[PDB]
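Protein chains in written order, with PDB author numbering: chain A, 28 to 79, 86 to 87, 190 to 521; chain B, 25 to 79, 87, 190 to 521. We put the beta carbon where it would ideally sit given N, CA and C, even for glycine. The structure under discussion appears below in the form of structure tokens.
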Ligand SMILES: Cc1cc2nc3c(=O)[nH]c(=O)nc-3n(C[C@H](O)[C@H](O)[C@H](O)COP(=O)(O)OP(=O)(O)OC[C@H]3O[C@@H](n4cnc5c(N)ncnc54)[C@H](O)[C@@H]3O)c2cc1C
Ligand SMILES: Cc1cc2nc3c(=O)[nH]c(=O)nc-3n(C[C@H](O)[C@H](O)[C@H](O)COP(=O)(O)OP(=O)(O)OC[C@H]3O[C@@H](n4cnc5c(N)ncnc54)[C@H](O)[C@@H]3O)c2cc1C
Ligand SMILES: O=C(O)[C@@H]1CCCO1
Ligand SMILES: O=C(O)[C@@H]1CCCO1
């Protein structure tokens, strides 16, 4: 327990109207930055609108096996992309399923680590894992017991990632498991067996009210532990399910925002916090929204080196945008592709979240193709609109 | 004894009966002769081979129109070929009274439009409507059945009266397993309501993935006999499987209200089809499926005697037309098919579209397996009843 942890717990269901003022202030940019970002966003969107899958989900899977996915990665790697591979799987319901997912992650780390061949955590590939894949009652058992049995499995995977010097990211799932996953991150960052490795990564969801306070805790943890934690800032993939759970629970105040523009303001405010902490954390700005991207690109300033920060996108969604970003002819910033690996069976749940993401009228990836939506609207600054 | 005590006790007893105890009577009822199985395999092979010689996640292909007027206009082409329609004004799980009132008015306006378009074609040849009870009562899943019944019954009765006045079909869609009992009690009250006399358009869905399915059918067939209504019965597998599994896990159940082996649902469907085909005097069976093997099995089970009004097939808009173009029509199988036609926009599409992705994306689904290079035609035409 700490002042930083208390701020997280107190924010869990803080009224939405009380959450917004500090985010609005932090997301407010100078006129020079706003004008530059609007110019960059317009250029990106005009390029996107010069560009343009089925329910088999083929668009979203990088390969059936890690061997297949690694072979298919060379073309984009020399263009300036990197990869984070995800062996598909989540919400294990039996011990056998959790054991199989563990074996999949373990085998992937060996293949990815060998393929990395000493490129390190920024220039080379990494892996993403879901804690719900590794424990058979992740959401239905007591958090203390879940973390206790989960810890040795995650530590063993992190030790392999350290052996090869690759990144290992913990994906963020449902809101009620944020606290458990954060306790696990803290144990790992204080574990001397992992010293000298900066590959531990952690996702924080800007649609969540606790997001800035989680970031304060992580930034402080990185600074005191000496681990340069990789922090993937996302909006969030489970919004519809969080709303349904909160409505059923009789909750007046939800753990997530209910207006999309509030999530957008939260993201920019949290990006400002991360960009002020690049000494101690490695921010990873995961977004397909060209306005969000352009804002961060200008907020980050003129100084850049590989390892300072990166962007990220999902395989099958982000390539049109990021082909306008990576490379010396564009913005010369790197992007890491989240690359699902698996069979069609393990793909299904991930596909549902992609459908909720692509099919929502509020999503950038839907609006970019909507004839009713103007470029002027797409480049709007969320602080100015809210 | 309480009215229908034996039939009602059989439904309740089946609710969470162990799967292994449910299956033996279904396997026997679903067993067909070698001669019929050979003929059905030949028909299924032809249908699948056609399904490839003649021929999106965002699901524009699943919605017939944004308004009922638009949907009705777009229906003329397939009606000309011999298809019929059941229109669904998209929307469900009303969270407020205002939402439930909005959906009620959507349905009411749709019945007037569909009824005008029907122009006296009647309940079999002409279009109908499908409704979801969760759209018409706020917190349908949460409120006690006493409060839900007392407010929902007058609304559904009013819609049924409008459908009677135009002589069109009005079908109650089946939703989550925990609302089966309420919906069935509502069906009974409507079927015994003299104000609806002379109209056979009331319809009801039964889900063959549910353990209660044959016992619900027994209750419905008996209800048809005592009410004098020829109840339209849509036999489906079911659309909420993934959600039912998750809910039963969170409910702490040792035995779930749905089957967990996919071929058990197939056996259940065929057994229930045999029961319906033996009761066509008092119910109108509507076999909703996109599975060519299921379709062929029922086509042969039904035998050589057919007339429009005996039974029909059904399919979802954007899924079933390629298969049923090999079914409807004299040179094909000469059997009718009704298309379930959603009407709405992105604001009301989400829940339905999720169920379509889970249906189309699942490795166990026929519509996925037909495009799977690892699945032989032999496997697609195999009778699942012989596996068990
Ligand atoms: C590489 C990568 C990794 C990711 N990892 C994770 C992860 O581990 N865990 C996770 O949960 N997400 C993760 N995400 C995010 C998620 O999968 C979506 O991709 C992301 O939220 C889309 O945001 P955007 O900026 O591209 O799009 P935008 O269109 O700008 O934003 C869409 C987002 O807004 C939010 N939203 C929509 N409607 C509302 C509303 N009414 N009220 C409040 N908020 C709303 C949702 O978060 C939605 O996804 C990841 C994304 C990427 C690109
Ligand atoms: C016109 C029409 C109307 C419909 N109306 C309704 C309705 O009101 N309510 C409703 O719930 N459904 C309804 N359905 C059914 C549902 O929407 C699907 O279309 C249907 O279940 C798919 O069955 P199939 O025979 O086409 O395909 P198949 O591929 O043969 O069967 C797939 C089905 O098997 C079941 N299943 C999958 N995995 C398992 C498993 N592991 N264990 C047990 N069972 C499993 C599911 O029911 C799944 O949909 C309707 C379908 C049609 C065509
Ligand atoms: O699984 C999901 O949908 C998100 C995107 C990638 C990681 O977590
Ligand atoms: O809504 C659904 O998904 C099913 C199919 C049509 C009616 O009920």
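Check, Outcome
"Cβ-heavy atom distance, residue 449 of chain B to ligand 4, below 7 Å", "yes"
"Residue burial classification, residue 28 of chain A (beta-carbon count within 10 angstroms, cutoff 16)", "exposed"
"Contact set between the region 488 to 508 of chain B and chain A, restricted to residues whose Cβ is under 9 Å from the partner", "489, 490, 491, 492, 493, 494, 495, 496, 497, 500, 501, 504, 505"
"Length at least 3, wholly inside the region 297 to 376 of chain A: the beta strand (DSSP E) runs in chain order", "303 to 305, 335 to 340, 364 to 369"
"Under 7 Å from the C-beta of residue 87 of chain A: neighbouring residues of chain B", "87, 190"
"Buried or exposed by the 16-neighbour rule on C-beta atoms within 10 Å, applied to residue 370 of chain B", "buried"
"Neighbour flag for residue 486 of chain A against chain B, beta carbons, 8 Å", "yes"
"Per-residue contacts from residue 483 of chain A into chain B (C-beta, under 9 Å)", "375, 490, 491, 494, 495, 496"
"Interface positions of the region 201 to 234 of chain B facing chain A (Cβ-Cβ less than 8 Å), listed along the chain", "228"
"Cβ contact (3+ pairs, closer than 8 Å) linking the region 336 to 355 of chain B and the region 39 to 51 of chain B", "yes"
"Classification of residue 427 of chain A by the beta-carbon crowding that lies within 10 angstroms, buried from 16 upward", "buried"
"Whole runs of the beta strand (DSSP E) within the region 244 to 301 of chain A, excluding any shorter than 3 residues", "261 to 264"
"Euclidean distance between Cα positions of residue 206 of chain B and residue 86 of chain A", "28 Å"
"Per-residue DSSP class, three states only, for residue 389 of chain B", "coil"
"For residue 448 of chain B: DSSP bridge partner residues", "B:472"
"Beta-ladder partner(s) of residue 85 of chain B, from DSSP", "The gap in chain B between 79 and 87 takes in residue 85 of chain B, so it carries no coordinates here."
"Ligand 3 heavy atom lying under 7 Å from the CB of residue 488 of chain A", "yes"
"Start-to-end residues for the beta strand (DSSP E) that takes in residue 216 of chain A", "216 to 222"
"Buried or exposed by the 16-neighbour rule on C-beta atoms within 10 Å, applied to residue 297 of chain B", "buried"
"Residue 479 of chain B at chain A interface by Cβ criterion, 8 Å", "yes"
"8 Å Cβ cut-off: residues of chain B touching residue 382 of chain A", "228"
"Own chain residues within Cβ distance below 6 Å of residue 255 of chain A, not counting five before or after", "300"
"Cα-Cα separation between residue 42 of chain A and residue 402 of chain B, rounded to whole angstroms", "49 Å"
"Within 8 Å, strictly: CB atoms of residue 447 of chain B and residue 358 of chain B", "no"
"Rounded Cβ spacing between residue 289 of chain A and residue 323 of chain A (contact assumed at less than 8 Å)", "7 Å"
"Beta-ladder partner(s) of residue 198 of chain B, from DSSP", "B:476"
"Delimiting residues of the alpha helix (DSSP H) encompassing residue 397 of chain A", "395 to 410"
"Inter-stretch contact (C-beta, 8 Å, three-pair minimum) for the region 261 to 271 of chain A and the region 233 to 240 of chain A", "yes"
"Exposure of residue 408 of chain A, with buried meaning 16 or more beta-carbon neighbours within 10 Å", "buried"
"Residue 35 of chain B in three-state terms, based on DSSP", "helix"
"C-beta atoms of residue 475 of chain A and residue 482 of chain A nearer than 8 Å", "yes"
"Chain-order list of residues whose beta-carbon lies under 6 Å from that of residue 192 of chain A (same chain, five-residue window excluded)", "482, 486"
"Collapsed DSSP secondary structure at residue 494 of chain B in the structure displayed", "helix"
"Alpha-carbon spacing of residue 451 of chain B relative to residue 493 of chain B, whole angstroms", "11 Å"
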